[PDB]
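Scroll down for the structure; my scribbles are underneath it.
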Amino acid sequence: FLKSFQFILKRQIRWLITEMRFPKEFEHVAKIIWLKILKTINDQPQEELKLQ
DNA sequence: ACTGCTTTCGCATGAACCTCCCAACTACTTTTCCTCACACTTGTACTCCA
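Take 104 as the starting number for the first sequence in full-length UniProt numbering and just add one per residue.
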């Protein structure tokens, strides 16, 4: 799920910069927000973790 | 007695089905998700009523 939810998150940001004149560092800010999101997923016990 | 009913035969060689289970077309359950409203209890505000 995380491999595709990131893949769709990628396609939303790649729309913004290419068309709505967003600066290229907007993707760079978004990854740290995405990566720390994954660490919260990481901290949960893998058996029955139920990431929201 | 001659009755009936048998029966054996034939020109070479060449070519000359029945349930049953799977299919279409529907519906209704399946197998896990995220998203809050509700019921109280301590709390702070109210104005007393003598």
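Cβ coordinates follow ideal geometry from the N, Cα and C atoms, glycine included.
- Distance between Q115 and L105, taken at the CA atoms: about 15 Å.
- Leaving aside the five residues that flank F129 on each side, the residues in its chain whose CB is nearer than 8 Å to its CB run, in chain order, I116, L119 and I120.
- Here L105 carries a helix assignment [DSSP, helix/strand/coil].
- Less than 9 Å divides the Cβ of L112 from the Cβ of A133.
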